[PDB]
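Working notes for the structure below.
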Amino acid sequence: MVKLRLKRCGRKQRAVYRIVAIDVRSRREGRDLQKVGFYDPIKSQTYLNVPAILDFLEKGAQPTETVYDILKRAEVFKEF
Amino acid sequence: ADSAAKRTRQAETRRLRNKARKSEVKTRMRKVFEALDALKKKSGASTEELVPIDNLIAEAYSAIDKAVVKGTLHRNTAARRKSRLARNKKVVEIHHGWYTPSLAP
Amino acid sequence: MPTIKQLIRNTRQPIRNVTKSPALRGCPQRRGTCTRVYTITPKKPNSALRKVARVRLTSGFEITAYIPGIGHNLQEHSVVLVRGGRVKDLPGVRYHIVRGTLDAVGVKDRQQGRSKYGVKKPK
Amino acid sequence: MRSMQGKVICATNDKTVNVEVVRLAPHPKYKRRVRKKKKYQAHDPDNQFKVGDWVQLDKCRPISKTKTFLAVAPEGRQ
RNA sequence: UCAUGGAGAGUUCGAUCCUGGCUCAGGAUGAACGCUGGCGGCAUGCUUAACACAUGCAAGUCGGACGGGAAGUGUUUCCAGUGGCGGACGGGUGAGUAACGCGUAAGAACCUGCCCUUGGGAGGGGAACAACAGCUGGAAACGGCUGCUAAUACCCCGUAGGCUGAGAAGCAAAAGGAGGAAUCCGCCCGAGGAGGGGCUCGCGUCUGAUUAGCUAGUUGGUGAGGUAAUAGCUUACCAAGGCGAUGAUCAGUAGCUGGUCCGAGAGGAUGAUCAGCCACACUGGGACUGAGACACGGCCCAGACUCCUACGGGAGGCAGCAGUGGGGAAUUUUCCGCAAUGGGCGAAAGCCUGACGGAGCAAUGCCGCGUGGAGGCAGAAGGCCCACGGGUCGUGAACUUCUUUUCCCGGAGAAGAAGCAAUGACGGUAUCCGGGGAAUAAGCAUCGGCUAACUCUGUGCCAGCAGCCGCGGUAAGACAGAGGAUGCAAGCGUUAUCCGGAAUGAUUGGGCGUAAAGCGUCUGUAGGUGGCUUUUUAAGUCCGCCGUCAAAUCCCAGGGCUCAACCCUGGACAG
């Protein structure tokens with residue numbers, strides 16, 4: 001399926017990452033149905049948009065490694 | 076040999092599956108060929124109709140045998156087996172459609 | 001030209017900005033091969049001996065190009081680098097030759113505006 | 058979407074009618090309303106359309122190369 | 001309130017008004033060349049020959065599917081082979097393609113391994129094929145008999161909410177592995193969904209009439225086949241249709257679009273990097289397997305070309321990354337790393353990624369910063385010019401102090417890396433602290449009008465300049481030099497391409513008595529526009545709501561890099 005994954009969105013030596021739920025066959029910087037999330041590893045926030053991640057994980061788009069690790073920081077996981 | 080082949084390994088397996096699928100699709104063409112052949116004969120000159128259907132049904136069962144068996148292995152999608160079993164029973168329904176079984180919607 | 005039908009057929013179109021250099025036809029300046037290094041005169045109001053090199057180009061044309069500056073090294077069959085720009089006085093000369101580039105030396109002893117003539121700094 | 062109502066041109070083909078469809082369109086650079094006609098092949102198993110009647114085209118499964126519509130009847134609210 | 005936008009000038013003539021053309025002032029380049037050149041941040045880097053390509057690398061993985069063997073001496077690491085997925089993604093180029101290829105908007109006739117949800121099932125048998133051993137052919141590339149072997153590899157029987165058929169009837173499947181177990185990964189048959197594809201259609205999609213007819217599987221219909229699915233997709237017969245002067249057919253050009261640039265605006269030109277879709281992979285043509293290709297680094301054939309050969313034969317596709325050669329005015333390093341991110345495989349461990357993350361060179365571009373700050377008797381040395389009085393270079397310098405962005409010499413030193421720890425190519429980079437020291441650092445155009453800047457010496461229709469007008473025949477504010485000035489600034493100029501100016505293709509926005517231009521006049525087809533009142537539908541029109549026009553860009557507002565460039569978050573008018 002769809003695989004919720006980051007994409008690099010920034011300058012050189014910056015690493016401002018989006019969390020996009022695109023199809024896994026696409027290149028890493030493509031297009032999404034809905035670009036759900038944010039991750040700034042230098043130091044800043046991470047907007048998550050919980051209902052849409054629950055929509056796609058409720059559908060069954062498995063995430064990658066560190067997207068899943070961000071999803072294990074917060075308490076997003078509910079099986080409903 | 077070389078430490079990495081990776082594609083000649085494919086082409087080896089492609090040669091093998093070419094042999095198997097070529098062969099057994101040809102079996103399917105032979106058995107459908109015999110069914111339509113005997114149906115052509117009993118359309119031509121039979122003169123007793125509701126009796127000898129046991130042979131046509133027997134070979135047609137062998138046709139549905141190898142048809143659906145090659146539907147199991149991946150060489151025929153659904154709606155290939157559907158179209159060709161429906162083809163054989165279109166032909167059977169036409170040979171009875173000329174004659175003594177009366178069928179009307 | 002009404003808005004109806006003499007003009008939703010077409011008005012007309014202007015052609016282009018017509019090319020002011022028919023050679024150089026890719027882009028701005030192009031390597032040349034000297035064929036003649038003769039000298040011609042301008043039209044009637046002026047009076048000079050302007051020294052032009054008729055030059056074959058790498059494009060596929062042959063064209064008579066002007067040689068700027070005072071001194072010139074250009075003999076038969078040397079290599080130059082022509083550029084665009086119309087010398088008015090000479091009928092037919094459409095192009096210039098860059099000085100200081102390949103096999104066409106800079107002008108002798110010039111100390112005002114050297115980048116147009118390919119002369120490095122003195123002093 | 059909409060249907061495409063329009064006159065029947067010539068029905069000398071079984072189950073098949075050519076239909077002129079007249080469509081107003083704003084011309085792009087100059088701001089009028091130019092009509093463009095475009096004629097289609099529609100399907101009818103009933104083939105109950107003479108020359109000159111006017112039908113409504115609705116998209117269906119393609120029947121031939123050109124025959125990709127079947128036309129039934131307009132509403133007729135005058 | 002809205003408005004954040006619109007400049008002229010030269011040249012026809014003894015003069016004037018006007019038409020009209022050319023030329024310039026403004027931006028932008030994927031740019032090129034010349035002169036000059038301190039640093040940093042972020043981008044960009046064959047536009048040409050889709051032209052050949054040396055060398056290395058660019059796609060693997062799985063021993064927890066299976067059999068063997070080979071290092072290590074119960075224990076583990078490997079391995080060619082059979083299998084499983086991945087090689088259809090990612091990367092590159094724009095030759096073709098004026099067409100549902102693309103863009104946008106609807107639709108029904110379909111498929112879909114991996115991914116979630118879900119209903120049921122896995123009994124019984126059996127034959128080999130690699131590997132391997134032997135013989136043997138070849139320089140190699142590869143083979144060829146003889147035997148043998150295992151499986152999630154193949155075959156057969158039974159069983160099936162599936163299929164065929166009107167029913168009658170029949171037909172169809174399985175695979176084990178890991179673990180002590182527990183269980184987990186699987187497998188087979190179904191049923192949905194997401195995503196991905198395959199089709200169809202409305203509308204938009206370059207020029208040329210000095211290309212006017214085209215089309216006979218052509219356009220329909222049926223029957224037979226065929227496709228995952230509709231279909232002249234294909235075939236036999238019947239019908240004569242179908243397209244076109246609103247440009248068919250032919251010829252030529254061109255990847256397309258979010259966008260970029262310009263413009264006040266309408267819109268004009270254009271499609272590099274960024275991103276989505278298409279097509280191609282030496283030139284052609286085929287098919288095979290799989291879910292999915294007619295497959296860049298797959299197979300087969302033909303053609304051309306290069307390499308090897310022991311002369312019989314083989315091998316090859318850089319428009320992957322670096323690189324060489326050619327062409328060109330012109331476009332880089334045969335670099336480091338999987339640390340992140342994203343892929344592929346695996347139960348995990350991990351492995352592989354020239355994608356990507358970085359680094360190097362180049363003022364190629366956009367932005368920021370410095371080359372000193374303050375004082376400097378108004379006295380001297382000098383250049384140039386002068387009615388020889390002087391003026392001007394000039395507070396400029398010299399000279400006195402202050403400071404160290406940068407520079408040199410030392411110390412420290414990151415995050416980026418993800419809560420088990422460990423895990424960094426970048427790199428001892430960024431940044432900070434200390435010690436000297438004005439030290440290490442300004443050029444390039446122009447100075448006749450547009451156009452800001454001017455005098456002097458030399459030249460004498462010569463040398464030359466020039467964007468247009470035109471200067472140059474002895475005192476040139478136009479050539480050459482000096483001084484001075486101007487404008488810019490690590491840039492400055494020339495050229496080329498595009499838009500503006502240009503209302504010089506005109507809807508906004510022009511004209512036709514004489515300046516370029518009314519057919520010689522008339523009839524009339526197509527087509528265009530059209531009197532008044534009343535009524536009806538709403539196609540146009542207008543208003544509300546809703547869907548969509550990907551993300552990035554532009555606009556507004558915040559936020560982050562010491563600011564800016566750039567990056568990021570949210571929002572939206574238009575249309």
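Residue numbers (the deposited numbering), protein chains in the order written: chain p, 1 to 80; chain t, 76 to 180; chain l, 1 to 123; chain q, 58 to 135. Just so you know, even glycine gets a beta-carbon here, dropped at the ideal spot from N, CA and C.
Using a Cβ distance threshold of 8 Å, determine whether the region 25 to 37 of chain p contacts the region 4 to 15 of chain p, with at least three qualifying pairs required.
A contact exists between the region 25 to 37 of chain p and the region 4 to 15 of chain p.
Residue range of the alpha helix (DSSP H) that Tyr174/t falls in?
Taking the second sequence and counting its residues from 1, one reaches residue 174/t at position 99. Looking at the DSSP string, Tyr174/t is not in any alpha helix (DSSP H), and its letter there is neither H nor E.
Can you tell me whether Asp69/p is helix, strand or coil according to DSSP?
As a working mapping, residue 69/p is identified with position 69 in the first sequence. In the structure shown, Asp69/p sits in a helix (DSSP, three-state: H, G or I).
Return the Cβ separation of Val82/l and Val119/l in integer angstroms, given the expectation that the two are a contact with Cβ distance under 8 Å.
Against the third sequence, residue 82/l aligns to sequence position 82. Against the third sequence, residue 119/l aligns to sequence position 119. So it is not a contact: roughly 19 Å between Cβ atoms.
Do we get a CB-CB distance below 7 Å when we pair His100/q with the residues of chain l?
The residue given as residue 100/q occupies position 43 in the fourth sequence. Not closer than 7 Å to any Cβ of chain l, the Cβ of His100/q fails to qualify, so no.
What is the rounded straight-line gap between the Cα of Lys51/l and the Cα of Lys43/l?
For this step, residue 51/l is matched to residue 51 along the third sequence. For this step, residue 43/l is matched to residue 43 along the third sequence. Each residue's alpha carbon lies about 14 Å from the other.
Compare the Cα-Cα distances from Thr46/p to each of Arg27/p, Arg18/p, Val24/p and report the closest residue.
Indexing the first sequence from 1 puts residue 46/p at position 46. For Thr46/p, the nearest C-alpha among the options comes from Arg18/p.
Can you give me the C-alpha to C-alpha distance between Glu134/t and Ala142/t, rounded to a whole angstrom?
Looking up residue 134/t in the second sequence gives position 59. Looking up residue 142/t in the second sequence gives position 67. Approximately 12 Å, taken between the alpha carbons.
Taking only beta-carbon atoms, is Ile63/l less than 7 Å away from chain q?
For the purposes of this step, residue 63/l is taken as the residue at position 63 of the third sequence. Not closer than 7 Å to any Cβ of chain q, the Cβ of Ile63/l fails to qualify, so no.
Taking only beta-carbon atoms, is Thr19/l less than 7 Å away from chain q?
Reading the third sequence from its first residue, position 19 is the one you call residue 19/l. No, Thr19/l lies away from the interface with chain q (no Cβ there is under 7 Å from its Cβ).
If we ignore side chains and look at the alpha-carbon of each, how far apart do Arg155/t and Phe106/q end up?
As a working mapping, residue 155/t is identified with position 80 in the second sequence. As a working mapping, residue 106/q is identified with position 49 in the fourth sequence. If I take the Cα positions, the gap works out to 38 Å.
DSSP state of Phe61/l, grouped into three classes?
Indexing the third sequence from 1 puts residue 61/l at position 61. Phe61/l: coil per DSSP, three-state reduction.
To be precise: take each residue of the region 2 to 26 of chain l, compare its Cβ to all Cβ atoms of chain q, and keep it if any distance is under 7 Å. Which residues remain?
Flagged, chain order: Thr3, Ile4, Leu7, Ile8.
How would you list, in chain order, the residues of chain l whose beta-carbon sits under 8 Å from the beta-carbon of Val91/q?
Within the fourth sequence, the letter at position 34 stands for residue 91/q. The answer, in chain order, is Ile8.
Which class does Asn70/q belong to by DSSP, given the choice of helix, strand or coil?
Mapped onto the fourth sequence, residue 70/q falls at position 13. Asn70/q falls in the coil class under three-state DSSP.
With a cut-off of 8 Å, do at least 3 Cβ pairs link the region 66 to 83 of chain q to the region 102 to 120 of chain q?
Touching, yes.
Identify each residue in the region 97 to 130 of chain q for which the Cβ-Cβ distance to at least one residue of chain l is less than 8 Å, and report them in chain order.
The region 97 to 130 of chain q vs chain l, Cβ under 8 Å: nothing.
Look at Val107/l and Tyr66/l and say whether their C-beta atoms are less than 7 Å apart.
Reading the third sequence from its first residue, position 107 is the one you call residue 107/l. Reading the third sequence from its first residue, position 66 is the one you call residue 66/l. No, they are not a contact pair.
Since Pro83/q sits in a beta bridge, which residues does DSSP pair it with?
Position 26 of the fourth sequence holds residue 83/q. In the DSSP output, where bridge partners are listed per residue, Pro83/q has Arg90/q.
Buried or exposed for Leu114/q, going by 16 or more other Cβ atoms inside 10 Å?
Counting from 1 along the fourth sequence, the entry for residue 114/q is found at position 57. With 16 or more Cβ atoms within 10 Å of its Cβ, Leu114/q is classed as buried.
What does the alpha-carbon distance come out to for the pair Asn130/t and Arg118/q?
Here residue 130/t refers to the residue found at position 55 when the second sequence is read from its first residue. Here residue 118/q refers to the residue found at position 61 when the fourth sequence is read from its first residue. So the alpha carbons of these two residues sit roughly 40 Å apart.
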